[PDB]
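J.: Residue numbers (mature numbering (1 follows the signal peptide of the UniProt record, and there is no 0)): 1 to 104.
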Amino acid sequence: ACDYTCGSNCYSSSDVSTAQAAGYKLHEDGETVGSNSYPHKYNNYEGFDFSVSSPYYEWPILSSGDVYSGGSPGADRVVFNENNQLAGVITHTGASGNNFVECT
Ligand SMILES: Nc1nc2c(ncn2[C@@H]2O[C@H](CO)[C@@H](OP(=O)(O)O)[C@H]2O)c(=O)[nH]1
Ligand SMILES: [Ca+2]
C-alpha cells in the first residue's frame, strides 16, 4: 500500500524521507537546482492546515525513485519547514492550472 498517493504515483515514507533530506540539505547550504530554483518557498496559497509551522519550502519528489537534480520536476512535491519537519506531500495532479491538492 502507498503511504502517499499523488494521482497514480505511489510513495512510501522512505521515498518521502529521501527526497526531503536532499531538499533540506540544499536549503541549508543556500543552493538551488533546476530552472525553477528548487527548493524554494511555498506560500501555501491553497491554505492547507499543516501541523508544523512556517516558513515552508517545496522540493520535487519523483516517481522514478531518483532524487531531483534538474529538468522537469513532475507534478509532485514534498513540503518541509525550517526544522526539517515534513509538512506534507502535495501535487498538481487533479488540481486546476498550477494549484495543488494534497496526496492521499
Ligand atoms: N500553487 C502554488 N504555487 C506556489 C505557492 N508558493 C509558491 N508557488 C510557486 O508558484 C508556481 C506554481 O506552480 C511554482 O513556481 P515555479 O514555477 O517557479 O516552480 C510554485 O513553486 C503556493 O502556495 N501555491
Ligand atoms: Ca518508491
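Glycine residues also receive a C-beta, built at the ideal position from the N, C-alpha and C atoms.
#1: What do you reckon, are the CB atoms on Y45 and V79 nearer than 8 angstroms?
#2: How close, in whole Å, do the beta carbons of residue 105 and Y11 come, if the pair is a contact with beta carbons under 8 angstroms?
#3: Go through its chain and collect everything with a Cβ distance to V67's Cβ below 6 angstroms, but skip five positions before and after it.
#4: In the DSSP output, which residue or residues are listed as bridge partners for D76?
#5: Under the three-state reduction of DSSP, which class applies to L62: helix, strand or coil?
T.: This is what the structure gives:
#1: Going by C-beta atoms, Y45 is not nearer than 8 angstroms to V79.
#2: Nothing about residue 105 can be reported from this structure: the residues present for the chain run from 1 to 104 only.
#3: Result list for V67: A22, in chain order.
#4: Beta-bridge pairing by DSSP links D76 to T91.
#5: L62 falls in the coil class under three-state DSSP.
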